[PDB]
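This is entry-v5.pdb. It holds PDB, C-alpha atoms.
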```pdb
ATOM      1  CA  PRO A 114      95.523  97.848 108.492  1.00  0.00           C
ATOM      2  CA  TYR A 115      95.181 100.885 106.354  1.00  0.00           C
ATOM      3  CA  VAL A 116      98.377 101.006 104.249  1.00  0.00           C
ATOM      4  CA  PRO A 117     100.085 103.804 102.347  1.00  0.00           C
ATOM      5  CA  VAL A 118      98.750 104.130  98.838  1.00  0.00           C
ATOM      6  CA  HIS A 119     100.153 107.545  97.810  1.00  0.00           C
ATOM      7  CA  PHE A 120     103.149 109.696  98.703  1.00  0.00           C
ATOM      8  CA  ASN A 121     101.528 113.098  99.132  1.00  0.00           C
ATOM      9  CA  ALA A 122     104.393 115.290 100.436  1.00  0.00           C
ATOM     10  CA  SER A 123     107.442 115.877 102.602  1.00  0.00           C
ATOM     11  CA  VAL A 124     107.366 117.725 105.927  1.00  0.00           C
TER      12      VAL A 124
ATOM     13  CA  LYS B   1      99.128  93.052  89.000  1.00  0.00           C
ATOM     14  CA  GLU B   2      99.406  96.078  90.471  1.00  0.00           C
ATOM     15  CA  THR B   3      97.400  96.689  93.653  1.00  0.00           C
ATOM     16  CA  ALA B   4      97.609 100.299  94.912  1.00  0.00           C
ATOM     17  CA  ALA B   5      99.713  99.021  97.844  1.00  0.00           C
ATOM     18  CA  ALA B   6     102.424  97.238  95.794  1.00  0.00           C
ATOM     19  CA  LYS B   7     102.540 100.252  93.436  1.00  0.00           C
ATOM     20  CA  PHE B   8     103.351 102.333  96.512  1.00  0.00           C
ATOM     21  CA  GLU B   9     106.101  99.986  97.682  1.00  0.00           C
ATOM     22  CA  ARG B  10     107.560  99.626  94.188  1.00  0.00           C
ATOM     23  CA  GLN B  11     107.754 103.397  93.782  1.00  0.00           C
ATOM     24  CA  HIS B  12     108.744 104.803  97.181  1.00  0.00           C
ATOM     25  CA  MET B  13     110.294 102.108  99.378  1.00  0.00           C
ATOM     26  CA  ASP B  14     114.080 101.695  99.679  1.00  0.00           C
ATOM     27  CA  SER B  15     114.750 100.183 103.118  1.00  0.00           C
ATOM     28  CA  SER B  16     117.954  98.743 101.757  1.00  0.00           C
ATOM     29  CA  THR B  17     119.908 101.987 102.315  1.00  0.00           C
ATOM     30  CA  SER B  18     119.824 104.435 105.239  1.00  0.00           C
ATOM     31  CA  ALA B  19     120.359 107.331 102.807  1.00  0.00           C
ATOM     32  CA  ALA B  20     121.159 108.259  99.215  1.00  0.00           C
ATOM     33  CA  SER B  21     124.277 106.824  97.804  1.00  0.00           C
ATOM     34  CA  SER B  22     125.803 109.631  95.849  1.00  0.00           C
ATOM     35  CA  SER B  23     124.667 111.858  92.982  1.00  0.00           C
ATOM     36  CA  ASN B  24     123.622 108.879  90.808  1.00  0.00           C
ATOM     37  CA  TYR B  25     121.177 107.236  93.219  1.00  0.00           C
ATOM     38  CA  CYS B  26     118.221 108.716  91.314  1.00  0.00           C
ATOM     39  CA  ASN B  27     119.543 107.438  87.973  1.00  0.00           C
ATOM     40  CA  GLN B  28     119.854 103.826  89.134  1.00  0.00           C
ATOM     41  CA  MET B  29     116.855 103.728  91.437  1.00  0.00           C
ATOM     42  CA  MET B  30     114.399 105.336  88.993  1.00  0.00           C
ATOM     43  CA  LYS B  31     115.683 102.822  86.466  1.00  0.00           C
ATOM     44  CA  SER B  32     115.407  99.774  88.756  1.00  0.00           C
ATOM     45  CA  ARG B  33     111.862 100.427  89.919  1.00  0.00           C
ATOM     46  CA  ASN B  34     110.961 100.731  86.275  1.00  0.00           C
ATOM     47  CA  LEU B  35     109.901 104.361  86.598  1.00  0.00           C
ATOM     48  CA  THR B  36     111.431 105.156  83.232  1.00  0.00           C
ATOM     49  CA  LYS B  37     110.297 102.315  80.897  1.00  0.00           C
ATOM     50  CA  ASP B  38     107.741 104.093  78.679  1.00  0.00           C
ATOM     51  CA  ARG B  39     108.660 107.576  79.861  1.00  0.00           C
ATOM     52  CA  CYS B  40     110.744 109.438  82.424  1.00  0.00           C
ATOM     53  CA  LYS B  41     108.546 109.879  85.499  1.00  0.00           C
ATOM     54  CA  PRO B  42     109.339 113.500  86.361  1.00  0.00           C
ATOM     55  CA  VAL B  43     109.305 113.384  90.167  1.00  0.00           C
ATOM     56  CA  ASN B  44     109.665 110.519  92.653  1.00  0.00           C
ATOM     57  CA  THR B  45     110.607 110.262  96.341  1.00  0.00           C
ATOM     58  CA  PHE B  46     112.241 107.155  97.992  1.00  0.00           C
ATOM     59  CA  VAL B  47     111.838 106.507 101.758  1.00  0.00           C
ATOM     60  CA  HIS B  48     114.855 104.918 103.445  1.00  0.00           C
ATOM     61  CA  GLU B  49     112.871 103.410 106.357  1.00  0.00           C
ATOM     62  CA  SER B  50     111.460  99.963 107.070  1.00  0.00           C
ATOM     63  CA  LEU B  51     108.212  98.985 105.455  1.00  0.00           C
ATOM     64  CA  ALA B  52     106.611  98.685 108.898  1.00  0.00           C
ATOM     65  CA  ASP B  53     107.894 102.074 109.936  1.00  0.00           C
ATOM     66  CA  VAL B  54     106.143 103.594 106.886  1.00  0.00           C
ATOM     67  CA  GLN B  55     102.949 101.600 107.264  1.00  0.00           C
ATOM     68  CA  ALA B  56     102.760 102.920 110.821  1.00  0.00           C
ATOM     69  CA  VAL B  57     102.313 106.455 109.395  1.00  0.00           C
ATOM     70  CA  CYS B  58      98.676 105.575 108.720  1.00  0.00           C
ATOM     71  CA  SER B  59      97.955 105.657 112.450  1.00  0.00           C
ATOM     72  CA  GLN B  60      99.891 108.883 112.986  1.00  0.00           C
ATOM     73  CA  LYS B  61      98.808 112.541 112.484  1.00  0.00           C
ATOM     74  CA  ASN B  62      95.709 112.848 110.378  1.00  0.00           C
ATOM     75  CA  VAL B  63      95.753 115.853 108.026  1.00  0.00           C
ATOM     76  CA  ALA B  64      94.044 117.046 104.863  1.00  0.00           C
ATOM     77  CA  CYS B  65      95.675 115.991 101.648  1.00  0.00           C
ATOM     78  CA  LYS B  66      96.611 118.521  98.975  1.00  0.00           C
ATOM     79  CA  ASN B  67      93.275 118.077  97.173  1.00  0.00           C
ATOM     80  CA  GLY B  68      91.100 118.152 100.292  1.00  0.00           C
ATOM     81  CA  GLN B  69      90.768 114.475 101.107  1.00  0.00           C
ATOM     82  CA  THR B  70      90.848 113.463 104.721  1.00  0.00           C
ATOM     83  CA  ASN B  71      92.888 110.258 104.358  1.00  0.00           C
ATOM     84  CA  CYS B  72      96.348 111.843 104.738  1.00  0.00           C
ATOM     85  CA  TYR B  73      98.631 111.193 107.703  1.00  0.00           C
ATOM     86  CA  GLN B  74     101.892 112.908 108.777  1.00  0.00           C
ATOM     87  CA  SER B  75     104.715 110.982 110.390  1.00  0.00           C
ATOM     88  CA  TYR B  76     105.368 112.123 113.928  1.00  0.00           C
ATOM     89  CA  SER B  77     109.118 112.091 113.305  1.00  0.00           C
ATOM     90  CA  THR B  78     111.418 112.805 110.416  1.00  0.00           C
ATOM     91  CA  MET B  79     112.427 110.076 107.998  1.00  0.00           C
ATOM     92  CA  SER B  80     115.489 109.788 105.781  1.00  0.00           C
ATOM     93  CA  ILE B  81     114.154 110.414 102.233  1.00  0.00           C
ATOM     94  CA  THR B  82     115.409 110.960  98.674  1.00  0.00           C
ATOM     95  CA  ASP B  83     113.895 113.429  96.237  1.00  0.00           C
ATOM     96  CA  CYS B  84     114.307 112.326  92.643  1.00  0.00           C
ATOM     97  CA  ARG B  85     113.528 115.008  90.016  1.00  0.00           C
ATOM     98  CA  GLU B  86     114.169 115.374  86.272  1.00  0.00           C
ATOM     99  CA  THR B  87     116.899 117.854  85.330  1.00  0.00           C
ATOM    100  CA  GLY B  88     115.983 120.537  82.781  1.00  0.00           C
ATOM    101  CA  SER B  89     118.225 118.563  80.452  1.00  0.00           C
ATOM    102  CA  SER B  90     116.512 115.171  80.458  1.00  0.00           C
ATOM    103  CA  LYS B  91     114.869 113.524  77.456  1.00  0.00           C
ATOM    104  CA  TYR B  92     113.401 110.035  76.979  1.00  0.00           C
ATOM    105  CA  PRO B  93     114.732 107.406  77.052  1.00  0.00           C
ATOM    106  CA  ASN B  94     117.864 108.925  78.582  1.00  0.00           C
ATOM    107  CA  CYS B  95     116.302 110.220  81.773  1.00  0.00           C
ATOM    108  CA  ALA B  96     118.619 112.206  84.067  1.00  0.00           C
ATOM    109  CA  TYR B  97     117.559 112.982  87.686  1.00  0.00           C
ATOM    110  CA  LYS B  98     118.916 115.275  90.405  1.00  0.00           C
ATOM    111  CA  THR B  99     119.118 113.299  93.620  1.00  0.00           C
ATOM    112  CA  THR B 100     118.359 115.387  96.764  1.00  0.00           C
ATOM    113  CA  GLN B 101     118.754 113.637 100.180  1.00  0.00           C
ATOM    114  CA  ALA B 102     116.839 114.972 103.191  1.00  0.00           C
ATOM    115  CA  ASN B 103     115.361 114.094 106.583  1.00  0.00           C
ATOM    116  CA  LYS B 104     111.671 114.946 106.618  1.00  0.00           C
ATOM    117  CA  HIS B 105     108.171 114.374 107.841  1.00  0.00           C
ATOM    118  CA  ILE B 106     106.369 112.365 105.111  1.00  0.00           C
ATOM    119  CA  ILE B 107     102.620 112.792 104.369  1.00  0.00           C
ATOM    120  CA  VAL B 108     100.991 109.712 102.830  1.00  0.00           C
ATOM    121  CA  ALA B 109      97.463 108.956 101.688  1.00  0.00           C
ATOM    122  CA  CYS B 110      96.075 105.673 103.263  1.00  0.00           C
ATOM    123  CA  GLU B 111      93.206 103.331 102.377  1.00  0.00           C
ATOM    124  CA  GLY B 112      92.496  99.744 103.588  1.00  0.00           C
ATOM    125  CA  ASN B 113      94.320  97.634 100.921  1.00  0.00           C
TER     126      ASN B 113
END
```

Would you mind writing the file's structure down as structure tokens?
Amino acid sequence: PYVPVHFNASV
Amino acid sequence: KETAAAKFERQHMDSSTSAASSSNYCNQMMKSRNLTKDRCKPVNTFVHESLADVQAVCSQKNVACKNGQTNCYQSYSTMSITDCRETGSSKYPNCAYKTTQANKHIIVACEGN
């Protein structure tokens, strides 16, 4: 369990 | 008080809707998630998928991040998502946002939290 820490980009 | 993981959830997770409401979704949501308390965060994306579906992206397609780091992953499939962005005519503390709904592959940065 590595979890999302940043929302880098879309598609 | 705020771990990088909860920050992430607070800012981008909205599993309570399959897609953006109407044109005011960004106004309420940015407000709600307290992304406009001191200032108007200029850009923020909401993911309309379950928490688990999004966590699962960290074991998907590994790609370089836009900076060069190696801890970025791309979702195999598209996800319903909402792009919230400040309209040229937005000033604190009366933050206006243009909500843009889409279906896209999200790229997230992962770490062990």

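From atom CA of residue B:108 back to atom CA of residue A:122, the distance works out to 7.0 Å.
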
So for stretch 116-120 of chain A, what box centre and size do we get, axis-aligned, 6 Å extra on each of the six sides, every listed atom, Å to one decimal, as lines of an AutoDock Vina configuration file?
```
center_x = 100.8
center_y = 105.4
center_z = 101.0
size_x = 16.8
size_y = 20.7
size_z = 18.4
```

Could you tell me how far atom CA of residue B:90 lies from atom CA of residue A:120, in Å and to one decimal?
-> 23.3 Å

Closest of B:109, B:87, B:51, B:99 to residue B:73 - atom-to-atom distances counting only C-alpha atoms |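 Of the candidates, the smallest distance to residue B:73 is held by B:109.
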
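Residues matched by the ChimeraX specification (/A :<8) & /B in this file are residues 4, 5, 7, 8, 12, 45, 54, 55, 57, 58, 65, 66, 72, 74, 78, 104, 105, 106, 107, 108, 109, 110, 111, 112 and 113 of chain B.
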
Point-to-point distance in Å for atom CA of residue B:61 and atom CA of residue B:101 =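 Interatomic distance, atom CA of residue B:101 to atom CA of residue B:61: 23.5 Å.
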
If we draw a sphere of 7 Å around (111.5, 106.3, 93.2), which residues have at least one atom in it when counting only C-alpha atoms? Please report them as a PDB file with C-alpha atoms, in the frame of the given file.
```pdb
ATOM      1  CA  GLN B  11     107.754 103.397  93.782  1.00  0.00           C
ATOM      2  CA  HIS B  12     108.744 104.803  97.181  1.00  0.00           C
ATOM      3  CA  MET B  29     116.855 103.728  91.437  1.00  0.00           C
ATOM      4  CA  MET B  30     114.399 105.336  88.993  1.00  0.00           C
ATOM      5  CA  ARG B  33     111.862 100.427  89.919  1.00  0.00           C
ATOM      6  CA  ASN B  44     109.665 110.519  92.653  1.00  0.00           C
ATOM      7  CA  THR B  45     110.607 110.262  96.341  1.00  0.00           C
ATOM      8  CA  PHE B  46     112.241 107.155  97.992  1.00  0.00           C
ATOM      9  CA  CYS B  84     114.307 112.326  92.643  1.00  0.00           C
TER      10      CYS B  84
END
```

On this structure, which residues satisfy the PyMOL selection byres ((chain B and resi 15) around 7), written as a PyMOL selection string?
-> chain B and resi 13-14+16-18+48-50

Could you save the residues just selected, with C-alpha atoms, as a PDB file, in the coordinates of the input?
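Now in part.pdb:
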```pdb
ATOM      1  CA  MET B  13     110.294 102.108  99.378  1.00  0.00           C
ATOM      2  CA  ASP B  14     114.080 101.695  99.679  1.00  0.00           C
ATOM      3  CA  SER B  16     117.954  98.743 101.757  1.00  0.00           C
ATOM      4  CA  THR B  17     119.908 101.987 102.315  1.00  0.00           C
ATOM      5  CA  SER B  18     119.824 104.435 105.239  1.00  0.00           C
ATOM      6  CA  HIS B  48     114.855 104.918 103.445  1.00  0.00           C
ATOM      7  CA  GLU B  49     112.871 103.410 106.357  1.00  0.00           C
ATOM      8  CA  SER B  50     111.460  99.963 107.070  1.00  0.00           C
TER       9      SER B  50
END
```

I need the residue set behind the PyMOL selection byres ((chain B and resi 94) around 12) for this file; please write it as a PyMOL selection string.
-> chain B and resi 27-28+30-31+36-41+86-87+89-93+95-97
